[PDB]
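Encoded as structure tokens, the structure appears first; notes follow it.
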Amino acid sequence: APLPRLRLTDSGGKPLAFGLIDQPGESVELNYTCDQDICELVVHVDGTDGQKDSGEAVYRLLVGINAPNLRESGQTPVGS
Amino acid sequence: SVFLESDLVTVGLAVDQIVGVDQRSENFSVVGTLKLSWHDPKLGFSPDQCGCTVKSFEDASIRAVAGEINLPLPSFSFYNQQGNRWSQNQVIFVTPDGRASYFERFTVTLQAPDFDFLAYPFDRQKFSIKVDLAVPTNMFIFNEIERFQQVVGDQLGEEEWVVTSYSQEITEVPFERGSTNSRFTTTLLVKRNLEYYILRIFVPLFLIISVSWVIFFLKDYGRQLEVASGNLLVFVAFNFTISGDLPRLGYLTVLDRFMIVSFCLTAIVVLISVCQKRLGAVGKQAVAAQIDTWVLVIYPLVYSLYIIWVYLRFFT
Amino acid sequence: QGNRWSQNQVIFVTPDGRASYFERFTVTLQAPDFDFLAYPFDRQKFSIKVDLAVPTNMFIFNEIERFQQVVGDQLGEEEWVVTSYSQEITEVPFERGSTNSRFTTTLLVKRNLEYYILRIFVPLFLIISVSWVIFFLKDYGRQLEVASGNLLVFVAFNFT
Numbered sequence: 242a243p244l245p246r247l248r249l250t251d252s253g254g255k256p257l258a259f260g261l262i263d264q265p266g267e268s269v270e271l272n273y274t275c276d277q278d279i280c281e282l283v284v285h286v287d288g289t290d291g292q293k294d295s296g297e298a299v300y301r302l303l304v305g306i307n308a309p310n311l312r313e314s315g316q317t318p319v320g321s
Numbered sequence: 322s323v324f325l326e327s328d329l330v331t332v333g334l335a336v337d338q339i340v341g342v343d344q345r346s347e348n349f350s351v352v353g354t355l356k357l358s359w360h361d362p363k364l365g366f367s368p369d370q371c372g373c374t375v376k377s378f379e380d381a382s383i384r385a386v387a388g389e390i391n392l393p394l395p396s397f398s399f400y401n402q403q404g405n406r407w408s409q410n411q412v413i414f415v416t417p418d419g420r421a422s423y424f425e426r427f428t429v430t431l432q433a434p435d436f437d438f439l440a441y442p443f444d445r446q447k448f449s450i451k452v453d454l455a456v457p458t459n460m461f462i463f464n465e466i467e468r469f470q471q472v473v474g475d476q477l478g479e480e481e482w483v484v485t486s487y488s489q490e491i492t493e494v495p496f497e498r499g500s501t502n503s504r505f506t507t508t509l510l511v512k513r514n515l516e517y518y519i520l521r522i523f524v525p526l527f528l529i530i531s532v533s534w535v536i537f538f539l540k541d542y543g544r545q546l547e548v549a550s551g552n553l554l555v556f557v558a559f560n561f562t563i564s565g566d567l568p569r570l571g572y573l574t575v576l577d578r579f580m581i582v583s584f585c586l587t588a589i590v591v592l593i594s595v596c597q598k599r600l601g602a603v604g605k606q607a608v609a610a611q612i613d614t615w616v617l618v619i620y621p622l623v624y625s626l627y628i629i630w631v632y633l634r635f636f637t
Numbered sequence: 403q404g405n406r407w408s409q410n411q412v413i414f415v416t417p418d419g420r421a422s423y424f425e426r427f428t429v430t431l432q433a434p435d436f437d438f439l440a441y442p443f444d445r446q447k448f449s450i451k452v453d454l455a456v457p458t459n460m461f462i463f464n465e466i467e468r469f470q471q472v473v474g475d476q477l478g479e480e481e482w483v484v485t486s487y488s489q490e491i492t493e494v495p496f497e498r499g500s501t502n503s504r505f506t507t508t509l510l511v512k513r514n515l516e517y518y519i520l521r522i523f524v525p526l527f528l529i530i531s532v533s534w535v536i537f538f539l540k541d542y543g544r545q546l547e548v549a550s551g552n553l554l555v556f557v558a559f560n561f562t
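Chains C, D and E, in that order, are what the protein sequence lines are.
Plus 241 on top of the position in the first sequence (first one is 1) and you've got the authors' numbering.
Plus 321 on top of the position in the second sequence (first one is 1) and you've got the authors' numbering.
Plus 402 on top of the position in the third sequence (first one is 1) and you've got the authors' numbering.
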């Protein structure tokens, strides 16, 4: 399946970060840090580059908080 | 633009099911869906004061929301509404840019003073649904028509009324305190089920008329008189049996006139039979045979001429 | 009688002080003066009375305005046909003395005569003629049989 676009926005839609394509271009990654007292985030994943009906493209999403080792987690999903 | 511009409203309506027609009070009831959309920058807000992208109002009419938020909104009403209107899924939601939309599912009864049942059961009617804005045209005006669904929906099973065609139009009509208000009209053209009436009424009536007609081949006039007397009673029995499908409107239709003519001819048959019986009693059988031939020749011609006259006077 | 249904009810005023009221209504009214003794050849009067709820020293009807036709035309036939109409302003006794204004609209109506005539009287005449004609016969058994059948035919038509 083709690589989709990734971006991070708050609950109001204000953009905060955008995805970066790695040199081994098989995945897209994102990073952000919290500055305000309370931050509510929304993660956007879309593949609407054009109007092609590709069909049943399926992707895996990995997300973590205070977990910079998401590249090689090892452990099964922990915490809440 | 130096001058202020009227706000543009997009409207659309769909009909789901016709649930009843009252032929004496001249009204019908319908179930459907209505949708409105307009753009107003005065309704815009900032996301950071609520942490949301959509602000919504539920279970409230447009007038109530306008009174609560103290801003002008495009209220509407049904022109020929009779009694209260049942509403479901009523919601108004607004985007930060100022785009607003209205949704409603309704069940309403509408007056139809234009009904005409003169040609019953071959009559064709018009079902008109009118939506009028309750504001002058200088504030809000209908601009576009949106087709969110099929205007006329299909349902399983047969229907008493069959829709042949439909149309939608936007016009302007005079408004109270002068000025003008927009009107959105949906018109449905309908007709009845002809096979039901034909097979249920006309074939048995034709058979009864044929029974009354065929008895003139007999030369024993007592049997002819007895069969005519019985067939008149059979005709009356069939007439009241089908009286259930005979609407009481206070004025005559085609079916009533046809029944009256058939009854009159059936009674004249008995009268002629009595006259022929007396003539045969006196000894003038030749005149009776001549009368038999005359009746056999004349009766279908009279029926055909009456049918032609009715067609000329009611269908052209 | 009962509640009244109203549509497009609005009151609007101008800075000079000129105000007007508008309403579209559907109402049911009692008519104790009905008389159906001469049915179906009876004639009836439909009276609509509007009474002010204030004494005549505060408000009073002064003029009659014909903004539209008093009786409107509609497509198709009607059970009741209006022959004439009239409008008048009068004064009637009011509670706690004084007087209140009244505006009355009267409609004269009649039924559709051709319907009743053609649907009832001609078949009845034919049945009576059938009962009358049998006396020319000199075979009295046939006359008795036809009379017995015609009585049942008459009963059948009557309940029909």
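Built from N, CA and C at the ideal position, the CB exists for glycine as well.
| CA-to-CA distance, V415 of chain E to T501 of chain D, given in whole angstroms | 18 Å
| said: Any beta carbon from chain E within less than 8 Å of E497 of chain D's own beta carbon? | reply: yes
| Among D:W615, D:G601 and D:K356, nearest to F424 of chain D - alpha-carbon criterion | D:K356
| In chain order, each alpha helix (DSSP H) run of at least 4 residues that lies wholly inside the stretch 575-606 of chain D | 575-603
| field | For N552 of chain E, the residue or residues it bridges with in DSSP | value | Note: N552 of chain E sits in no beta bridge, so no partner.
| message | Quick check on the burial criterion: 16 or more other C-beta atoms within 10 angstroms. Buried or exposed for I450 of chain E? | response | exposed
| message | With a threshold of 8 Å between beta carbons, is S408 of chain E in contact with chain D? | response | no
| According to the Cβ coordinates, are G253 of chain C and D369 of chain D closer than 8 Å? | yes
| message | Quick check: is the beta carbon of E479 of chain E nearer than 8 Å to any beta carbon in chain D? | response | yes
| Can you name the start and end residues of the beta strand (DSSP E) that residue 639 of chain D belongs to? | With chain D covering 322 to 637 only, the question about residue 639 of chain D has no answer from this structure.
| request: Can you grab the Cα-Cα spacing for the pair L553 of chain E / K540 of chain D, in whole Å? | output: 27 Å
| request: Please check if any C-beta of chain D sits within less than 8 Å of the C-beta of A440 of chain E. | output: no
| query | So which residues on chain E does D577 of chain D lean against when the C-beta distance must stay under 7 Å? | reply | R521
| request: Grab me the residues of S503 of chain D's own chain with a C-beta within less than 7 Å of its C-beta, minus the 5 sequence neighbours each way, in chain order. | output: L454, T458, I462, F463, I491 and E493
| Min CB distance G419 of chain E to chain D below 8 Å | no
| Residue-chain proximity (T416 of chain D, chain C), Cβ-Cβ < 8 Å | no
| query | When the Cβ atoms of the stretch 588-600 of chain D are set against those of the stretch 511-519 of chain D, are three or more pairs found closer than 8 Å? | reply | no
| message | If contacts are defined as beta-carbon pairs under 8 Å, then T508 of chain E and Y487 of chain E qualify, I think. What distance do you get, rounded to the angstrom? | response | 7 Å
| said: Tell me the residue span of the beta strand (DSSP E) that contains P495 of chain D. | reply: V483 to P495
| query | Using Cβ-Cβ distances below 7 Å, what residues of the stretch 594-614 of chain D are close to chain E? | reply | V595, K598, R599 and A602
| task | Taking all protein chains shown into account, decide if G551 of chain E is buried (16 or more other Cβ within 10 angstroms of its Cβ) or exposed. | result | buried
| query | From the DSSP output, which residues share a beta bridge with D418 of chain E? | reply | According to DSSP, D418 of chain E bridges with nothing at all.
| said: Going by DSSP in three states, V375 of chain D sits in which element: helix, strand or coil? | reply: coil
| message | Among the candidates D:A549, D:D380, D:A433 and D:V511, whose CA atom is the shortest distance from the CA of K598 of chain D? | response | D:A549
| request: Check whether the Cβ atoms of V340 of chain D and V555 of chain E lie closer than 8 Å to each other. | output: no
| task | Specify, as a first and last residue, the run of the alpha helix (DSSP H) that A335 of chain D falls within. | result | Element bounds for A335 of chain D: not the alpha helix (DSSP H) but the beta strand (DSSP E), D328 to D343.
| request: Closer than 9 Å, Cβ to Cβ, to anything on chain D: give me those residues from the stretch 253-277 of chain C, in chain order. | output: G253, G254 and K255
| request: Closer than 8 Å by beta-carbon distance: list the chain D residues that pair up with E281 of chain C, in chain order. | output: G372
| query | Identify the residues that DSSP records as bridge partners of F259 of chain C: which are they? | reply | C:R248
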